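What follows is a set of notes on a single structure, which appears directly below.
Going by the order they are written in, the chains are A, B, C, D, E, F, G, H, I, J and K; count residues from 1 in each one.
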Amino acid sequence: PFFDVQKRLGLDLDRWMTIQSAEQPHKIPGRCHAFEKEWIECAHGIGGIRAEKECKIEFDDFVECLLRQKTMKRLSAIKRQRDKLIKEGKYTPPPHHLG
Amino acid sequence: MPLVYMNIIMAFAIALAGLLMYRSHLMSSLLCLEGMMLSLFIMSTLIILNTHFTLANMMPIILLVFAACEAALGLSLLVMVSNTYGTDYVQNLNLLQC
Amino acid sequence: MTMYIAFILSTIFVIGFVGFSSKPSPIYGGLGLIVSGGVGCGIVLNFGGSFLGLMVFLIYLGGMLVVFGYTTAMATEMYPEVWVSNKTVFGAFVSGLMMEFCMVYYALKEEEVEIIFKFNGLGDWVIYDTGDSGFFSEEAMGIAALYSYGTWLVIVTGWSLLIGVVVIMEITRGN
Amino acid sequence: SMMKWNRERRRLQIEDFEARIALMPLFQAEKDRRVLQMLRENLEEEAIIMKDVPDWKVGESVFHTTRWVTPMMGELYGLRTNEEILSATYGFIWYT
Amino acid sequence: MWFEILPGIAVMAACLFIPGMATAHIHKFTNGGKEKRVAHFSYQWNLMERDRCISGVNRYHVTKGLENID
Amino acid sequence: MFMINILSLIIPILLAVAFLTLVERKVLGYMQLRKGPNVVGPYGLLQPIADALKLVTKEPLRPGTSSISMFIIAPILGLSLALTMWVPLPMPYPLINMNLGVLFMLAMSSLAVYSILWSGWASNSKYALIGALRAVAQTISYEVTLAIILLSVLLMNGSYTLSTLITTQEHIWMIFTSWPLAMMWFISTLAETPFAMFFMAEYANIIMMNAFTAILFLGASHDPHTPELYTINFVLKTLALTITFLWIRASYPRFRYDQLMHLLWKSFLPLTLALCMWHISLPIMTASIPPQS
Amino acid sequence: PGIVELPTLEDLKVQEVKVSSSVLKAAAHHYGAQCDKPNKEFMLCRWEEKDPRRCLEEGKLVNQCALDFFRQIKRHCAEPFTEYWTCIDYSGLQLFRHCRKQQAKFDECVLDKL
Amino acid sequence: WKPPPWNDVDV
Amino acid sequence: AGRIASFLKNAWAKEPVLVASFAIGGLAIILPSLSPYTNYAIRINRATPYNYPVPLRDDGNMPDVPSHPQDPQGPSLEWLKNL
Amino acid sequence: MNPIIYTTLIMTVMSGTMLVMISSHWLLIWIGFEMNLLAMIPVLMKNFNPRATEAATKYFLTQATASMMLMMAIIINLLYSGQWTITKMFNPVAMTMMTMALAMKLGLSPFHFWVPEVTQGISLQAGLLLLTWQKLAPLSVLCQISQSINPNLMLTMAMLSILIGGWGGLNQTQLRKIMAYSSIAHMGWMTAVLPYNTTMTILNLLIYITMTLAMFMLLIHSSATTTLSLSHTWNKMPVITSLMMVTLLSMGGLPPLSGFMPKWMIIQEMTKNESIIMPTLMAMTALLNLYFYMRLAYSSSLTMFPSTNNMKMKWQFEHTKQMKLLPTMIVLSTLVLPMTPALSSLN
Amino acid sequence: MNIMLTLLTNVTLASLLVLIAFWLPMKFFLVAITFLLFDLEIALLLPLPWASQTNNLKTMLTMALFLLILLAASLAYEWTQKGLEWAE
């Protein structure tokens, strides 16, 4: 905040919801709670300039969990070759894949 | 980022472009206005539910209940500009030339 | 395949927006918007947004858009215009279809286009998790916390609504 | 009358919840085996399908950290009958 | 006389009655005895999927009691 | 066979929509010393068939200044709505046990205003324009009393799951705890409710409103084994309400608009707020908050 | 970027309990009472280790004791078990409310037999 | 173009 | 005395509705912090276990927690039993 | 408007702005902007004349568009990082998206066509509110995200604003248009230094603020709406034109008249950042603002203008307004150049 | 699967019925805004049935009451300053 009045008087106005790893109702966890906890804990008391570069893998892994981007394309290329391989009869799915 | 996620994003872009150019009608301009918040309500809703942000589900309903304050004030301005000028036509809003 | 529920509702949402974004008759724009609002509920419902989705059907559909129908009926231009009245409306309609045709076909073929963002994306069914909500509906507990964890969001939301009342009557008063 | 009956329901609900609590751990072990079984099957298929690719060695850790990321629904089933995906993904949401 | 109303109300009462009876009876039928299990929360749903999986015939309503386990 | 269950509901409701009209005319008839339809078939049993097939043989004249597209989809929605809110009713076991059934009922029943709004606009007449304007404002005024009554009612229920209503009532009819709300609710239901369709649309709303009021305030005991007990009780309760619904149709001069708004916003809305305040603290007051699950 | 370690299929072989949900819920109350230590230590693994692969042997024990818990009730009053869970299974919510006498016909064995 | 008005006023 | 009694008589004569709604709201907003049941209401609310009671690592000197759900140690729900 | 209604209306406008400056959550920021818009419109619609209705409609459409355009930028930030705090945003598209949305609400870039017109239609008193108090909250947010700002976009916004601010003001006669075009030019001056130093932005804020009330409320006391109408002020109130001229001279930025203090420090701070073509251009075109500043100063006090016979009537009566805060605003906006090292107080 | 199937057949019978039907042979706007503002207030107080089962119920009672008090104030204001009275 520009004026951290909530910091002075010490009452929570908007910090209960500002991040997903807060005291959620009935302790229902966020999907990326484990990754956010590491990123926040890594980047504390360090400052924006230093933490943006230092705690980089924490942010990148948390971003991947949050966005589901890189491992999704891992799956995309999984199906890409599959359709490009079983179509000409190079391999057949096993019974458990068929159902 | 899934196909649908940016199906809303372009929908916002189309709604933004529709509001960013007026054809002849202020009501139609307003329609693109809360259309933009509809995608905005929609887009936020997928994010919060997908991420299991258990406490952010607050944000969508208050996004709607506050976009209404714009809308409610929105037409209420138009009813004023459409009772002096009579017509909601927006080309009659050029009386402030000088 | 009912797997088409992935994109079918989302692409209908786009054409719903192009319907009214192209500035048709204000009644017709309402029709285009409520249709998009109607299908927009489906995406939320298919994601688990029963309470949030039905609220759109309540205040956005049965509320907001109805009062738009009230204002538009009040305006009652001496000659209402139709979706065929201006070729620009059709021109935008064909245009809006073309961009979504380009995006969808590009999506279905190469899956790696680079418009604005990274785009990418298969059928949406992936992004869901494999956890369970136990006995508590995760959505319902989220909004029920409005009176528990959000006792400040409520004040500013409530105060503006009352101030929303005072402004509305102040500028429509007519002196 | 509603006061007495409502408390009776609350006593009923906690008893129902007590049954769920007393019976939850078996499914946690059962769901634990199921996802790990499904992952192992997926990797085993991966070790049969994908060799011609230049460098796509099996079981790469997408996440840098050596933790256990909860398996996202896609690669969990993924290579299954489209009915299985539809039932697993939407399922509960559509069962009504 | 005032009782001639009843033939009017009786048929529609049957017309209103049929939807209730049909829904209950088809529920007993398509679920084979036990009524259609209700899953208002993900816990009840994953319970049902466990029942369908454990049945071995892909029918949740098939139940295997003490005769199944060894 | 789930599809067969839909026809096992839509058609008999459609017939139920068809067949209480003879009940209406004969009740309204015998009320005013009259007889009602009794010459066409035994006691007018075939009177509904005497009008319906006549109506479908009548040519549907269309106004010259009428938008055909809206003029034909407004009844499409009107019938589609009128036969959709019958699906989540907890009648024995509902077709759809939506966990948010009450919300779904309200959102989709509040959508009926579009049909009348479009009908007035599409007709494009001075009568049709005001009549649509009057009807919609009367309607859009009255969900706020509808929503609050239902909201405040459901505090002592437990959730919006319509099936849970039966468990909540069980011991006593729920009117005994909210009878100030019942008259609050029942009156509001009266005012909220091509041309051949419009008979069907509002009319299913009339019975379903009373079916909705039946489960809400005057519940029954649903024996797990025998379901016929709830069927008879549900039908009998919703018949008594509907007879009352037509009992008042020919017993009062019709409301005038300025009073119609004055009645709600000055004598119904403020009292509805107080009852909602009474029924939000009372479960807390007596530690009788209900279980959602 | 790292081997995703996954136990082989051979270690993933348990004597899976082949019982429905209704029978599980009918005996759930007595299940938790007499078989807490298997479940209690297993889920402590699940919450302390926070890794499914790290908790497998305890996964063996919980099912094994479940079978050990499901054998005596077969040996003693299997028939009262049938009537109780065949009435529990009827309820769409598995309502314990409309099962009282059959519940009494269940626990009076384990009160004196077990 | 014309200068604005001085008082800004334009059953 | 004279003003208030006349005023309520002035109110309750022409209109009974607003005075009814003002009264009903009046009790509904005062009575909350009067009865000894709102403490009961929050206690049964806390009693209802949604998530699992995850166990603690036993290492000695915590007589509060039990070693068995049948043990007398820990919270007792008997207060709600008669409630 | 009933004074109690008007007072509470102003009160929530300040509260809406105040909420913006004290809210960490991004959503609360959009709420504060929403409340500010929600109550700004009725203040403009106080006179109830068609120009006011025109101005309010223009102001609402551009502000509401930027408000929800702002909301879209926050969601993208949520989409790419799952955060809600105002520290440094995590998506380059969202950076530009919100920079556009925030900037339009200040009226500096091509997103400024409302500013001259919206202040023109509405009354002078409400104009003071629009060009002073409604310009802190968007600036407050911009200072908070100055770390992640894109210099290439932001400085292009500054150049255009100063260029359009001077050029537009040269051709206007309605002194309300003069003030808005001057305000836009000042806005470009402050807005150029956020990537470099937020503290210098603040100092430019207070000096520009105090200067605007000094000019606006002096205009209120003179009760003038055109340059010609301002000309007659010399006959009735010769004193008012005397301070009004010195305020115009300071508004140009001629030392030792304070108002050169921000321009001086802004040039110095960018010069430390090896940016030296940029300070020169804005400084050179800052003289454009001086031309219509002198032009207004010329026909108010420097040269007397033909008065009117009825003006003799005005001499007999006296002003009733107590012109609160007018005197100390003039002095604080005309003599505080020697007290420049107070820059440390802002940090 | 089940939901839209019920919707699809519902409109289809609505479609077949109408198809054979036509082939075989300031005040009004004012309250409409007040209803809009009221209706959005309705949505704010809708999640109450779940909110009644929170652990911070003490702060719920004041907050949930606050809406109804404040919502009633909007009605009370709108009534007093002419307004809500049916305008002409």
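Rule of thumb we're sticking to: a contact is a pair of C-beta atoms (placed from the backbone, for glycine too) under 8 Å apart; a residue touches a chain by one contact, two chains touch by 3 or more.
By chain, with names taken from UniProt: A = NADH dehydrogenase [ubiquinone] iron-sulfur protein 5; B = NADH-ubiquinone oxidoreductase chain 4L; C = NADH-ubiquinone oxidoreductase chain 6; F = NADH-ubiquinone oxidoreductase chain 1; I = NADH dehydrogenase [ubiquinone] 1 alpha subcomplex subunit 3; J = NADH-ubiquinone oxidoreductase chain 2; K = NADH-ubiquinone oxidoreductase chain 3.
**Student:** Just to be sure I understand: going only through chains that touch, what's the smallest number of steps from chain B to chain H?
**Tutor:** When the steps are counted carefully, the minimum from chain B to chain H is 1.
**Student:** Applying the touch definition from the top, give me the chains sitting in contact with each of chain H and chain I.
**Tutor:** Output, common partners of chain H and chain I: nil, no chain qualifies.
**Student:** Measuring between Cα centroids, which chain is at the maximum distance from chain H?
**Tutor:** G
**Student:** How many angstrom lie between the centres of chain A and chain I, each centre taken as the mean Cα position?
**Tutor:** Chain centroid spacing, chain A to chain I, equals 40 Å.
**Student:** Provide the C-alpha centroid distance between chain A and chain B, rounded to the nearest whole angstrom.
**Tutor:** So the centroids are 30 Å from each other.
**Student:** Based only on mean CA positions, could you tell me how far chain E sits from chain F in angstrom?
**Tutor:** Computed value for the inter-centroid distance: 26 Å.
**Student:** Return the residues of chain J touching two or more other chains; collapse runs of consecutive numbers into ranges.
**Tutor:** 27-28, 31, 34, 38, 41, 45, 50-51, 56, 79, 82, 84, 120-121, 174, in rising order.
**Student:** Going by the touch rule set out above, which residues of chain I reach two or more other chains?
**Tutor:** Within chain I, residues 25, 28-29, 32, 38, 41, 44-45, 48, 50-52, 69, 83 contact more than one other chain.
**Student:** When you check chain G against every other chain, which residues touch at least two of them?
**Tutor:** 17, 32-33, 43, 50, 90-92, 94
**Student:** What residues of chain D sit close enough to touch chain E in their complex?
**Tutor:** The contact residues of chain D facing chain E are 20, 27, 30, 87, 91-92, 95.
**Student:** Chain D touches which residues of chain K in the complex?
**Tutor:** 1-3
**Student:** List the residues on chain J that touch chain H in their complex, please.
**Tutor:** 47, 49-52, 120-121, 123, 173-174, 225-226, 229
**Student:** What part of chain C is in contact with chain D in the complex they form?
**Tutor:** Residues of chain C touching chain D: 1-3, 5, 45-48, 122, 125-131, 135.
**Student:** Which residues of chain F touch chain D in the complex?
**Tutor:** 96-98, 156, 158, 167-168, 170-172, 176-177, 283, 286-291, 293
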